[PDB]
$ cat input11.txt   # compact mmCIF, C-alpha atoms and all ligand atoms
# COMPACT_ATOMS: atom_id res chain seq x y z
CA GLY W 58 55.95 117.36 119.06
CA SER W 59 53.76 117.76 122.14
CA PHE W 60 51.82 114.49 121.90
CA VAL W 61 54.56 111.86 122.09
CA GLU W 62 52.27 109.33 123.76
CA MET W 63 50.21 109.12 120.57
CA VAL W 64 52.97 109.42 117.96
CA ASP W 65 53.57 106.19 116.04
CA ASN W 66 50.42 104.57 117.46
CA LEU W 67 49.27 103.33 114.05
CA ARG W 68 50.05 100.19 112.01
CA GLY W 69 48.97 98.96 108.59
CA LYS W 70 49.06 100.09 104.98
CA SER W 71 46.91 101.72 102.28
CA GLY W 72 45.55 98.50 100.83
CA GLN W 73 44.49 96.80 104.05
CA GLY W 74 43.96 99.86 106.20
CA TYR W 75 45.58 101.66 109.13
CA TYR W 76 44.59 100.58 112.62
CA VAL W 77 45.01 101.70 116.23
CA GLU W 78 44.97 99.59 119.42
CA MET W 79 41.86 99.98 121.61
CA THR W 80 40.43 98.15 124.63
CA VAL W 81 36.76 97.42 125.22
CA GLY W 82 35.07 96.12 128.35
CA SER W 83 35.92 95.33 131.96
CA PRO W 84 38.38 93.79 132.32
CA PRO W 85 39.79 95.36 129.14
CA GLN W 86 39.76 93.30 125.94
CA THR W 87 42.46 94.44 123.51
CA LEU W 88 41.54 94.84 119.83
CA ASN W 89 43.08 96.37 116.70
CA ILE W 90 40.72 98.89 115.17
CA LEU W 91 40.62 100.30 111.62
CA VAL W 92 40.79 104.12 111.64
CA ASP W 93 38.05 105.21 109.24
CA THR W 94 37.17 108.85 108.53
CA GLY W 95 34.58 107.71 105.98
CA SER W 96 32.10 106.09 108.42
CA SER W 97 30.57 106.83 111.83
CA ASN W 98 30.09 103.53 113.69
CA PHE W 99 32.40 101.94 116.24
CA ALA W 100 31.91 98.24 115.41
CA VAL W 101 33.92 95.19 116.41
CA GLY W 102 33.95 91.51 115.51
CA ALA W 103 32.01 89.82 118.31
CA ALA W 104 31.83 86.25 117.00
CA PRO W 105 34.23 83.65 115.48
CA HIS W 106 35.42 84.50 111.97
CA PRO W 107 38.04 82.87 109.67
CA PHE W 108 39.97 86.17 109.50
CA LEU W 109 39.80 87.13 113.18
CA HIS W 110 42.19 85.69 115.76
CA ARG W 111 40.31 87.54 118.48
CA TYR W 112 36.95 89.17 119.05
CA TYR W 113 34.85 91.10 121.57
CA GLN W 114 33.27 88.78 124.14
CA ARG W 115 30.40 90.65 125.74
CA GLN W 116 29.70 87.94 128.32
CA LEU W 117 33.16 88.59 129.80
CA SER W 118 32.58 92.32 130.29
CA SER W 119 31.04 93.42 133.60
CA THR W 120 30.38 96.85 132.11
CA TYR W 121 28.63 95.60 128.96
CA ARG W 122 25.17 97.09 128.40
CA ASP W 123 22.79 95.58 125.84
CA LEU W 124 20.77 98.10 123.79
CA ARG W 125 18.40 95.36 122.54
CA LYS W 126 18.64 96.68 118.99
CA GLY W 127 20.09 95.28 115.79
CA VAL W 128 22.01 97.15 113.11
CA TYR W 129 22.46 96.32 109.43
CA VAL W 130 25.25 97.92 107.44
CA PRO W 131 25.42 97.06 103.72
CA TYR W 132 28.27 98.49 101.64
CA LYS W 136 28.21 94.23 104.63
CA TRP W 137 28.10 93.50 108.36
CA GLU W 138 25.30 92.82 110.84
CA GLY W 139 25.51 93.43 114.55
CA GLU W 140 23.95 93.92 117.94
CA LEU W 141 24.04 97.36 119.58
CA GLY W 142 25.26 97.96 123.12
CA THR W 143 27.61 100.22 125.11
CA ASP W 144 30.71 99.48 127.15
CA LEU W 145 33.85 101.20 128.49
CA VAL W 146 36.41 102.02 125.80
CA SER W 147 40.03 103.20 125.97
CA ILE W 148 42.93 103.84 123.58
CA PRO W 149 46.21 102.60 125.20
CA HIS W 150 48.36 104.91 123.09
CA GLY W 151 46.03 107.88 123.21
CA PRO W 152 44.41 110.25 125.69
CA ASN W 153 44.49 108.77 129.18
CA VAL W 154 40.71 108.58 129.43
CA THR W 155 38.02 105.91 129.49
CA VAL W 156 34.63 106.60 127.95
CA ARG W 157 31.32 104.80 127.67
CA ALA W 158 30.60 104.38 124.00
CA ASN W 159 28.22 102.72 121.62
CA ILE W 160 29.61 99.50 120.22
CA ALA W 161 28.10 97.44 117.44
CA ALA W 162 28.97 93.79 118.11
CA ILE W 163 29.41 92.28 114.67
CA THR W 164 27.80 88.84 114.57
CA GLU W 165 27.58 88.35 110.79
CA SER W 166 29.74 89.78 108.01
CA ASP W 167 30.26 89.38 104.27
CA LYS W 168 33.50 90.60 102.65
CA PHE W 169 34.02 92.99 105.57
CA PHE W 170 37.05 91.68 107.47
CA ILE W 171 40.27 91.62 105.42
CA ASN W 172 42.40 88.48 105.65
CA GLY W 173 45.75 89.39 107.18
CA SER W 174 44.91 93.05 108.00
CA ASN W 175 45.39 92.33 111.70
CA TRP W 176 42.37 94.52 112.58
CA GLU W 177 39.21 93.28 114.32
CA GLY W 178 36.93 96.30 114.30
CA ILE W 179 36.36 99.70 112.75
CA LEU W 180 36.43 103.19 114.29
CA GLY W 181 34.11 105.51 112.36
CA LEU W 182 35.35 109.04 112.94
CA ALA W 183 32.84 110.89 110.78
CA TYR W 184 29.62 112.57 111.94
CA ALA W 185 26.38 111.14 113.35
CA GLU W 186 24.41 112.07 110.22
CA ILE W 187 25.81 108.97 108.51
CA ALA W 188 25.80 106.68 111.55
CA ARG W 189 23.67 103.50 111.33
CA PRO W 190 20.88 102.77 112.03
CA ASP W 191 20.41 106.53 112.23
CA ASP W 192 21.82 109.75 113.65
CA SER W 193 20.71 109.00 117.20
CA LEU W 194 23.56 106.52 117.66
CA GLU W 195 26.28 108.83 119.04
CA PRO W 196 29.66 108.25 117.28
CA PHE W 197 32.69 107.38 119.39
CA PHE W 198 34.50 110.66 118.98
CA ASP W 199 31.37 112.58 119.98
CA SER W 200 31.14 110.53 123.17
CA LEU W 201 34.85 111.08 123.81
CA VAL W 202 34.49 114.84 123.60
CA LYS W 203 31.28 115.05 125.62
CA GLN W 204 32.62 112.90 128.45
CA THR W 205 36.14 114.28 128.77
CA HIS W 206 38.19 117.43 128.33
CA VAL W 207 39.69 116.20 125.05
CA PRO W 208 39.72 119.00 122.40
CA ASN W 209 37.21 118.39 119.59
CA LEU W 210 39.93 117.65 117.02
CA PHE W 211 42.09 114.78 115.79
CA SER W 212 44.94 114.51 113.31
CA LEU W 213 46.18 111.71 111.08
CA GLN W 214 49.63 110.97 109.71
CA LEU W 215 49.37 107.81 107.60
CA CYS W 216 52.79 106.47 106.62
CA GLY W 217 53.12 104.37 103.46
CA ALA W 218 56.46 102.55 103.38
CA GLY W 219 57.10 103.12 99.67
CA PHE W 220 57.71 99.40 99.29
CA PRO W 221 55.96 96.07 100.04
CA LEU W 222 55.77 95.03 103.70
CA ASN W 223 55.57 91.28 104.23
CA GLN W 224 53.29 89.78 106.88
CA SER W 225 56.03 89.95 109.52
CA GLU W 226 57.23 93.40 108.55
CA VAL W 227 53.84 95.08 108.59
CA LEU W 228 53.36 93.85 112.16
CA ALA W 229 56.62 95.36 113.43
CA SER W 230 56.44 98.50 111.33
CA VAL W 231 55.14 101.88 112.47
CA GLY W 232 52.38 102.91 110.06
CA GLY W 233 51.67 106.39 111.33
CA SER W 234 50.07 108.52 114.00
CA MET W 235 46.55 109.34 115.16
CA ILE W 236 46.79 112.30 117.50
CA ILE W 237 43.58 112.62 119.50
CA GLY W 238 42.79 116.14 120.65
CA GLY W 239 45.72 117.96 119.12
CA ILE W 240 48.31 118.69 116.44
CA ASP W 241 51.82 117.35 116.79
CA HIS W 242 54.30 119.57 114.96
CA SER W 243 56.95 116.88 114.48
CA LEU W 244 54.65 115.11 112.02
CA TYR W 245 54.80 117.68 109.23
CA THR W 246 57.03 120.21 107.48
CA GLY W 247 56.03 123.58 106.07
CA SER W 248 52.68 125.17 106.82
CA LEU W 249 49.18 123.86 107.51
CA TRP W 250 46.51 125.02 105.06
CA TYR W 251 42.85 124.73 105.95
CA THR W 252 39.86 124.00 103.73
CA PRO W 253 36.26 124.35 105.05
CA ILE W 254 34.34 121.24 106.07
CA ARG W 255 31.40 121.95 103.75
CA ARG W 256 28.83 119.97 105.76
CA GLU W 257 29.19 117.69 108.76
CA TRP W 258 28.27 114.15 107.69
CA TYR W 259 31.26 112.75 105.79
CA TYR W 260 34.33 114.96 105.98
CA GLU W 261 33.19 116.83 102.88
CA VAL W 262 35.41 119.32 101.09
CA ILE W 263 35.38 121.30 97.85
CA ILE W 264 38.01 120.92 95.12
CA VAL W 265 38.16 123.98 92.85
CA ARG W 266 40.93 123.17 90.35
CA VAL W 267 42.88 120.09 89.23
CA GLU W 268 46.32 120.05 87.52
CA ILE W 269 48.46 117.21 86.12
CA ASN W 270 52.07 118.52 85.96
CA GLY W 271 50.80 122.08 86.18
CA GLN W 272 48.38 121.59 83.31
CA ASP W 273 44.83 122.59 84.20
CA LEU W 274 42.47 119.65 83.68
CA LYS W 275 40.09 122.47 82.69
CA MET W 276 36.77 120.89 83.72
CA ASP W 277 33.76 122.72 85.19
CA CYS W 278 34.80 122.55 88.86
CA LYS W 279 31.42 121.13 89.83
CA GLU W 280 32.55 117.99 88.05
CA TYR W 281 35.28 117.55 90.64
CA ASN W 282 32.72 117.43 93.45
CA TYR W 283 29.97 115.42 91.76
CA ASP W 284 28.20 114.44 93.88
CA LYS W 285 30.61 115.16 96.75
CA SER W 286 34.31 115.13 97.68
CA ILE W 287 35.38 113.49 100.95
CA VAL W 288 38.52 112.57 102.93
CA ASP W 289 38.27 108.82 103.64
CA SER W 290 40.98 106.76 105.33
CA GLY W 291 38.80 103.67 104.86
CA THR W 292 39.32 103.81 101.09
CA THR W 293 42.67 102.87 99.55
CA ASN W 294 42.61 104.83 96.29
CA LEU W 295 42.18 108.36 95.07
CA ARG W 296 38.71 107.90 93.57
CA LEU W 297 37.45 110.34 90.95
CA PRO W 298 33.98 110.94 89.41
CA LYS W 299 33.69 109.03 86.10
CA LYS W 300 34.27 112.01 83.79
CA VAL W 301 37.06 113.43 85.92
CA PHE W 302 38.70 109.99 85.99
CA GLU W 303 38.59 109.71 82.23
CA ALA W 304 40.12 113.15 81.76
CA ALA W 305 42.76 112.62 84.43
CA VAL W 306 43.86 109.26 83.09
CA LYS W 307 44.03 110.72 79.61
CA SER W 308 46.32 113.45 80.93
CA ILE W 309 48.41 111.10 83.06
CA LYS W 310 48.91 108.80 80.07
CA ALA W 311 49.93 111.77 77.95
CA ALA W 312 52.49 112.92 80.52
CA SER W 313 53.93 109.40 80.86
CA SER W 314 53.77 108.57 77.14
CA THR W 315 57.47 107.65 76.89
CA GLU W 316 56.31 104.29 78.29
CA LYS W 317 53.24 102.31 77.22
CA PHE W 318 51.22 100.67 80.00
CA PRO W 319 48.53 98.00 79.39
CA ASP W 320 44.87 98.88 79.90
CA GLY W 321 44.80 96.60 82.95
CA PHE W 322 47.23 98.94 84.66
CA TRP W 323 45.11 102.03 84.12
CA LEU W 324 42.08 100.08 85.37
CA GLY W 325 43.96 99.55 88.62
CA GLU W 326 43.66 95.79 88.28
CA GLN W 327 47.16 94.79 87.25
CA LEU W 328 50.60 95.52 88.56
CA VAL W 329 53.53 96.86 86.56
CA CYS W 330 57.08 95.98 87.52
CA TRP W 331 60.54 97.44 87.08
CA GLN W 332 63.97 96.01 87.80
CA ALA W 333 64.90 96.76 91.43
CA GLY W 334 65.49 100.47 91.98
CA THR W 335 64.71 101.54 88.41
CA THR W 336 61.10 102.70 88.78
CA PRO W 337 60.87 105.70 86.37
CA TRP W 338 59.25 108.09 88.82
CA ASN W 339 60.17 111.09 86.70
CA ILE W 340 58.05 110.10 83.68
CA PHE W 341 54.93 110.21 85.86
CA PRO W 342 53.31 113.61 86.58
CA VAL W 343 52.58 115.18 89.93
CA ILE W 344 48.87 115.73 90.63
CA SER W 345 47.64 118.94 92.24
CA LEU W 346 44.29 119.36 93.93
CA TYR W 347 43.20 122.92 94.71
CA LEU W 348 40.96 123.21 97.74
CA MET W 349 38.70 126.07 98.83
CA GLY W 350 40.52 128.21 101.41
CA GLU W 351 39.27 129.84 104.61
CA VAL W 352 39.43 133.28 102.99
CA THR W 353 37.00 134.48 100.32
CA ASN W 354 38.26 133.90 96.76
CA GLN W 355 41.37 132.20 98.12
CA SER W 356 42.51 128.59 97.59
CA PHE W 357 45.56 126.45 98.28
CA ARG W 358 46.84 123.28 96.61
CA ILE W 359 48.08 119.89 97.76
CA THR W 360 50.41 118.15 95.33
CA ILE W 361 51.03 114.41 95.30
CA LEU W 362 53.72 112.40 93.60
CA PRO W 363 53.53 109.11 91.75
CA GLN W 364 55.14 107.72 94.93
CA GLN W 365 51.69 108.29 96.41
CA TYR W 366 49.39 107.22 93.55
CA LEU W 367 51.40 104.12 92.56
CA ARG W 368 50.80 101.61 95.39
CA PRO W 369 53.66 99.17 96.19
CA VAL W 370 52.59 95.54 95.75
CA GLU W 371 54.64 92.36 96.11
CA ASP W 372 55.32 90.72 92.75
CA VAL W 373 53.23 87.60 92.14
CA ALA W 374 56.67 85.98 91.86
CA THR W 375 58.12 87.59 95.01
CA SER W 376 61.05 88.58 92.77
CA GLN W 377 63.40 91.50 93.34
CA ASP W 378 61.43 93.81 91.05
CA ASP W 379 59.71 96.91 92.40
CA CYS W 380 56.02 96.54 91.45
CA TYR W 381 53.00 98.82 91.81
CA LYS W 382 49.30 99.13 91.04
CA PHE W 383 47.78 102.40 89.75
CA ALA W 384 45.92 103.70 92.85
CA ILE W 385 43.51 106.07 91.13
CA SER W 386 40.11 104.68 90.12
CA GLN W 387 36.69 105.85 89.02
CA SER W 388 33.87 106.67 91.39
CA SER W 389 30.11 106.91 90.97
CA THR W 390 29.83 108.43 94.45
CA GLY W 391 32.01 111.52 94.08
CA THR W 392 35.68 112.22 94.76
CA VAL W 393 37.28 110.17 97.51
CA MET W 394 40.64 111.18 98.93
CA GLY W 395 41.72 107.80 100.22
CA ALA W 396 44.74 106.53 102.07
CA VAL W 397 47.22 106.81 99.20
CA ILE W 398 46.53 110.55 99.08
CA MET W 399 46.50 110.89 102.86
CA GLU W 400 49.95 109.25 102.95
CA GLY W 401 51.44 112.37 101.46
CA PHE W 402 50.06 114.65 104.13
CA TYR W 403 49.54 115.29 107.81
CA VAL W 404 45.76 115.80 107.87
CA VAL W 405 44.07 117.74 110.69
CA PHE W 406 40.35 117.12 111.28
CA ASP W 407 39.47 120.28 113.15
CA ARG W 408 35.88 119.57 114.10
CA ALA W 409 35.79 122.49 116.54
CA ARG W 410 36.50 124.94 113.73
CA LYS W 411 34.75 122.93 111.02
CA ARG W 412 37.91 122.75 108.90
CA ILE W 413 40.40 120.21 107.58
CA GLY W 414 44.07 121.10 107.51
CA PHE W 415 46.79 119.82 105.19
CA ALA W 416 50.57 119.91 105.53
CA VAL W 417 53.38 117.98 103.89
CA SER W 418 53.89 114.73 105.80
CA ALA W 419 57.20 114.13 107.51
CA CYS W 420 56.81 110.51 106.34
CA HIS W 421 55.68 110.90 102.71
CA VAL W 422 57.68 108.89 100.16
CA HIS W 423 59.56 110.88 97.52
CA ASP W 424 62.80 111.07 95.52
CA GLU W 425 65.73 113.51 95.36
CA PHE W 426 64.06 115.64 92.71
CA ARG W 427 60.43 116.08 93.79
CA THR W 428 58.48 116.33 97.05
CA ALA W 429 54.82 116.48 97.93
CA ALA W 430 53.65 120.03 98.66
CA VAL W 431 50.94 122.16 100.24
CA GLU W 432 51.11 125.68 98.85
CA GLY W 433 49.11 128.87 98.89
CA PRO W 434 47.41 131.15 98.51
CA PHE W 435 45.90 131.39 95.02
CA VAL W 436 43.24 133.77 93.76
CA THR W 437 40.19 131.68 92.88
CA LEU W 438 36.73 133.03 92.00
CA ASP W 439 33.24 131.60 92.60
CA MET W 440 34.47 128.59 94.55
CA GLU W 441 31.03 128.23 96.15
CA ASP W 442 29.76 127.17 92.74
CA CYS W 443 32.11 124.19 92.66
CA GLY W 444 29.93 122.51 95.26
CA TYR W 445 27.29 120.09 94.03
CA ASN W 446 23.61 120.40 94.94
CA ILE W 447 21.18 117.53 94.39
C1 LIG X 501 32.39 106.82 101.70
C2 LIG X 501 31.95 105.47 102.24
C3 LIG X 501 30.48 105.44 102.65
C4 LIG X 501 32.27 104.35 101.25
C5 LIG X 501 33.41 103.47 101.73
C6 LIG X 501 34.09 102.66 100.62
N1 LIG X 501 34.38 104.26 102.49
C7 LIG X 501 34.39 103.76 103.74
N2 LIG X 501 35.16 104.23 104.72
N3 LIG X 501 33.55 102.72 103.93
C8 LIG X 501 33.41 101.94 105.16
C9 LIG X 501 34.28 100.71 105.11
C10 LIG X 501 35.63 100.77 105.57
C11 LIG X 501 36.46 99.61 105.52
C12 LIG X 501 35.94 98.39 105.00
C13 LIG X 501 36.83 97.15 104.95
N4 LIG X 501 36.28 96.10 104.10
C14 LIG X 501 36.26 96.27 102.76
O1 LIG X 501 36.69 97.29 102.22
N5 LIG X 501 35.72 95.24 102.08
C15 LIG X 501 35.63 95.25 100.72
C16 LIG X 501 36.33 94.28 99.94
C17 LIG X 501 36.23 94.29 98.52
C18 LIG X 501 35.42 95.27 97.87
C19 LIG X 501 35.32 95.29 96.44
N6 LIG X 501 35.23 95.30 95.28
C20 LIG X 501 34.72 96.24 98.65
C21 LIG X 501 34.82 96.23 100.07
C22 LIG X 501 34.60 98.33 104.53
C23 LIG X 501 33.77 99.49 104.59
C24 LIG X 501 32.90 102.47 102.77
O2 LIG X 501 32.06 101.60 102.55

$ encode --input "input11.txt" --output "structure tokens"
Amino acid sequence: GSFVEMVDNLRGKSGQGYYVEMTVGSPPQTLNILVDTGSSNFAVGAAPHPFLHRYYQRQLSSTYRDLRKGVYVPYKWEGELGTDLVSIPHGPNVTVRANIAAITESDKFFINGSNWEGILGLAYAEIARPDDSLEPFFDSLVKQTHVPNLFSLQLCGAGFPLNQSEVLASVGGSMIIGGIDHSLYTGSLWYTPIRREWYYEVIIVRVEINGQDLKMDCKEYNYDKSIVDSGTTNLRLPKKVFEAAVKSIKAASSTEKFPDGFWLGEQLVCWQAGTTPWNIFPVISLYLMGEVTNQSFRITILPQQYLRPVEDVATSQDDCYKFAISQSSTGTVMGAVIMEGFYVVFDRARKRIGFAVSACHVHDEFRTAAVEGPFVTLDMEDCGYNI
């Protein structure tokens, strides 16, 4: 591990998000900021809100610059554009002038108890609001400093519920800015092409549930796109792929009957402490296009990743979980529960995303997450969706 100053700089969890400490303004104002690879705006609460115990006060920053332009982001939050000096305490020792959207109005944006006050959009300018002329934070970082155009994320799910006091004292992972820290993963890193620079878009070419091919036209897996998004909790799958996957997951776990509410990801299921039947649930393998023609690799997740720990509505001693796979109408989304199994490298300089087994993924004595390759795969370019 060559980036010790950034290791363990994250806190949070899949459901409420993973955040990193940042400072904005002069003198520096400390804020917790959601790490989001699925958006491209650096935006912070800048006005009183029931869920914020602190917010960006522009009038107290001598380096604040008003852009005299509003921004509307409906998913929704509204803000005022400006720039100011930004730093990451547990990151590269550099200060950069970046665009900041001061959130003045928000609806269902801030999460009660998440402990974060802003969002750091790490994706490309093509999806930045109001438009692509608003330079994303990481772009500014790279243009103004010597920091390598690359970042890596190790999101660490605890494998069990973290109460309000525990999630504040618990290390939730690492965001390494400008490099790859080898202590964060085991085995080898496998790279899949970033198909286009807007979201971190990738191409899935094969899906297996316990080794069984889901056998769908691979274009279905990427309809209308597949992205890596730390701002989403679940593994989200296109409607038809979701239906086929759930059918297969139910078949594999048929020794136990689960209510429809469970499969809809709306209700928790509980087992007596320590007795969760991990082995009746199948592993899920996603094959990704490789860097070499006709070559792919696979990332395999365990039910310890797709079953999200939730505290029993009775706070009992039972181990309870919600099914963290849901349907999407916007393509495949590899959210935080999937990222928790892997050390993910966003190699912007080489337009590639790397995957390796996470040194902090949750597992059991019989199965482990995996990243394996290579596999002969033909016509992978046809798995990509075109409008
Ligand atoms: C691919 C992308 C364009 C879609 C998506 C989901 N991925 C993102 N990273 N963001 C950005 C994002 C990140 C984090 C938040 C945090 N607040 C929320 O979640 N509130 C919320 C609450 C309940 C529901 C529901 N029912 C929906 C949203 C909001 C937006 C998105 O909007």

$ atom_distance --input "input11.txt" --atom1 "atom CA of residue 305 of chain W" --atom2 "atom CA of residue 269 of chain W"
7.5 Å

$ residues_near_ligand --input "input11.txt" --ligand "ligand LIG 501 (chain X)" --cutoff "8 Å" --atoms "all atoms listed in the file" --output "list in words"
residues 73, 74, 91, 93, 94, 95, 96, 132, 136, 168, 169, 170, 171, 179, 181, 259, 287, 289, 290, 291, 292, 390 and 393 of chain W

$ closest_residue --input "input11.txt" --among "W:71, W:172, W:59, W:282" --to "residue 382 of chain W" --atoms "only C-alpha atoms"
W:71

$ closest_residue --input "input11.txt" --among "W:406, W:176, W:435, W:121" --to "residue 288 of chain W" --atoms "only C-alpha atoms"
W:406

$ closest_residue --input "input11.txt" --among "W:349, W:309, W:344, W:447" --to "residue 427 of chain W" --atoms "only C-alpha atoms"
W:344
